[PDB]
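A single chain, nothing else alongside it, follows as structure tokens in the form deposited in one PDB entry.
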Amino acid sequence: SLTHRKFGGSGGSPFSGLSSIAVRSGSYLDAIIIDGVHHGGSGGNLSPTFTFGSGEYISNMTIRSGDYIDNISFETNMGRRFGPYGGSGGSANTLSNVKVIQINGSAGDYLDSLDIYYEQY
């Protein structure tokens, strides 16, 4: 049962555990790199790193996928953008008016899947 709980007091500046994203890509996603941690293979080309600003999160995302992840792009709540990186294959799936909380997935030599945890607004 997916849930969340808050602990502590008021104050401070909000932060997220999801701080940066990069990918390796060609016609598909070879890897995703989350907070600098590599998930997938060594093929494709390494994208620049997107580092979230304070109070910044993914609010819209387009993922093209079939048996693998083919393309990723996203926009943040501050209008910053990442991608598209990857190819033109797969089915396009969009998340809109969300707040992405976490990106998990599965990978081998390529990025097989993503499991995106998010709040839908």
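Residues that one form lacks are left out of the comparison. Rigid core: the largest C-alpha set superposing within 1.5 Å between the two forms. Residue numbers here begin at 1 and follow the sequence given.
Only in words, not in the display: the form deposited in another entry, which the text now covers.
Quiz prompt | Exceeds or equals 2 Å, Cα of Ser16 between this form and the one not shown, core fit | solution = It does shift by 2 Å or more.
Quiz item: Relative to what is shown, are the Cα atoms of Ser13 and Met78 closer or farther apart in the other form, where the gap shifts by 3 Å or more?
Solution: Their C-alpha distance grows by at least 3 Å in the other form.
Practice problem: Work out whether the Cα atoms of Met78 and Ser10 come closer together or move farther apart in the other form than they are in this form, the change being 3 angstroms or more. | Solution: Here the pair is closer than in the other form; there, farther apart.
Practice problem: Spell out which consecutive segments of 3+ residues have Cα shifts of at least 2 angstroms at every position between this form and the one not shown, with the rigid core used for superposition. | Solution: Flagged stretch (3+ res, CA at least 2 Å): just 1 to 17.
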